[PDB]
Every structure is written in C-alpha cells, then in structure tokens.
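Peer 1:
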Amino acid sequence: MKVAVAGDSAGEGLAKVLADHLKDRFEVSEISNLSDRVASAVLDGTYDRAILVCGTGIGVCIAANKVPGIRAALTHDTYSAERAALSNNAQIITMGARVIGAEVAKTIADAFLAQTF
Amino acid sequence: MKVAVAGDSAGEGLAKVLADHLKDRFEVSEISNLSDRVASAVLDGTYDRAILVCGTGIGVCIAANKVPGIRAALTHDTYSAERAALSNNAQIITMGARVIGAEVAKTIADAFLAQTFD
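Listed in order, the protein sequences are those of chains A and B. According to the UniProt record's numbering, the residues represented by the first sequence are 14 to 45, 57 to 141, in order. According to the UniProt record's numbering, the residues represented by the second sequence are 14 to 45, 57 to 142, in order.
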C-alpha cells in the first residue's frame, strides 16, 4: 500500500520520523495548499492513504475535508486512529507535531494503517 | 454570545455536562444530520459558535467542514482549543465523549470560548 507523509515547516521533522518508521511495511513517499496537493494525489490514485503533520493538525484537517471526496481525521490517540478507518473510512489522518510526541505519533500511524488496509 | 451544544447518542451525556457548565456565561442552546443542522445554524447567525460531541469527534468534524463557510476543529487539549479560535478561526469545535474525560472537556470548551470572543 502507498502512503504519502507530508509536513509543513512545523511538522516536517515528525513527518520524516513517521516516514522512516513506516518505510519497511508500506511504500512511503515523504512529500514535504499542502492538503490540496496531497488530497488531489489521493483522489487520482497516486497514494492509497496520507498522513499530514502540522502544528496542531487542525488546519490541514479542515483544508483536506474541503476537498470533495476526501475524508480526513485528526487522530491524537490510537483508539481514534482505528475508528478513523473502521467508522469514518478516512483516507487521510492528521496530527500536530506541537501537540503529541513522536512515539505516540508512530503508534497512531500504525493503528490507522493496520485497520484501513 | 450564543453557543449551541449538541451531541449524538454517544455524546449526549457530555454535551449536557458542557451546556450546564457554560449556561451562566453564554447564551447556551442544548440541542442533541446533527452536524449539518447545527453548522447551518451557526452559518446563518442563529448561534455564534457550536460545540459538537460524538464518540470520537471525527465524524462531526468531517461533516461540519463540508458545509461551505464553516471551519470545525476537533479539540482534545486546551492548546489546540485556543489554536482553533486564534489560528483557524473555527466557529465549531468537536470532542469525543469516548476519548476524553468530562473535566478536560470543560477546560477545552472554556479555553476555546475565551479566545473566540472578546
């Protein structure tokens, strides 16, 4: 499965951490308007799922959900990450690098991707 | 200032707690499809802001952001609650009653509404 991981200036560092953590189990593209570019690539099949990382995750979640056909979930715990897939069928999850820590972030990415696939 | 508070079946209990917490400092309407109706009532000026509560907060956040002109933020900490107002100018915040506890939820509501108004 193809997973895009992207971060703005605030979230680029955690995005790289997440990309490296996922690279052995998924085909990861670390591709750090951002929500628009990544959402369009999910819609046209370039990626199956995406993880967008900013300061809080709020702005990218709003912007991604404004793309028709995109469902984006801000996920800051592993239960919500699983529900984002099983209940909301989100293609995109978002996180805030200034809000949660890197080890929790990795468990959230893993929990979402294990359920959506 | 007029604040709608609404929950689905999973969020109704926490919505009532939040409405009771806020109703002395704001003109609170406790309501409890739901996302769209409340978001539209915020958009048309019936309410100034809204707090939507469901199981995780994700579904009501998705639905509200798909109303043109509405910005909705899932806020599970007080920092993000202040950012929802100050950075994203969100009219709506959402919470998950199965995810956070009621005392943290009250502080989140208070932190959002303190910044979104003057």
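We treat Cβ as the ideally placed atom computed from N, Cα and C, and that holds for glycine.
Exposed or buried, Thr70 (chain B), counting other C-beta atoms within 10 Å across all chains shown (16 or more means buried)?
Peer 2: The residue in question, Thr70 (chain B), is exposed, as its Cβ has fewer than 16 Cβ neighbours within 10 Å.
Peer 1: One question on the structure: do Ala97 (chain B) and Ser59 (chain B) come within less than 8 Å of each other, judged by their Cβ atoms?
Peer 2: Result no, Cβ atoms of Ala97 (chain B) and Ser59 (chain B) do not sit closer than 8 Å.
Peer 1: From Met14 (chain B) to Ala138 (chain A), what distance separates their C-alpha atoms?
Peer 2: Cα to Cα, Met14 (chain B) sits roughly 44 Å from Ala138 (chain A).
Peer 1: Just to confirm, are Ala135 (chain B) and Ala105 (chain B) a CB contact at a threshold of 8 Å?
Peer 2: Yes, Cβ-Cβ distance for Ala135 (chain B) and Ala105 (chain B) is below 8 Å.
Peer 1: My assumption, with CB atoms under 8 Å, is that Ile117 (chain A) sits in contact with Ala129 (chain A). Please give the rounded CB distance.
Peer 2: Not really, about 10 Å apart at Cβ, beyond 8 Å.
Peer 1: I'd like to check one pair, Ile86 (chain A) with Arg61 (chain B): are the Cβ atoms closer than 8 Å?
Peer 2: Contact flag unset, no.
Peer 1: May I ask you to list the residues that DSSP assigns as paired with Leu98 (chain A)?
Peer 2: A:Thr118.
Peer 1: By alpha-carbon positions, which one of A:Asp72, A:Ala63, A:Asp101 and A:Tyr103 ends up nearest to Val84 (chain A)?
Peer 2: Ranking A:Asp72, A:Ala63, A:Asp101 and A:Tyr103 by Cα distance to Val84 (chain A) puts A:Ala63 first.
Peer 1: Give a yes or no on whether 8 Å exceeds the smallest Cβ distance from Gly120 (chain A) to chain B.
Peer 2: Yes, its Cβ sits closer than 8 Å to a Cβ of chain B.
Peer 1: Taking the continuous alpha helix (DSSP H) assigned at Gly26 (chain A), which residues delimit it?
Peer 2: Here the alpha helix (DSSP H) through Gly26 (chain A) covers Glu25 to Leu35.
Peer 1: Which residues, in chain order, does the region 73-85 of chain A contribute to contact with chain B at a C-beta distance below 9 Å?
Peer 2: Per Cβ criterion, the list reads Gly79, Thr80, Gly81, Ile82, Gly83 and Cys85.
Peer 1: In this structure, how does DSSP classify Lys130 (chain A) when only helix, strand and coil are distinguished?
Peer 2: Three-state DSSP puts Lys130 (chain A) in a helix.
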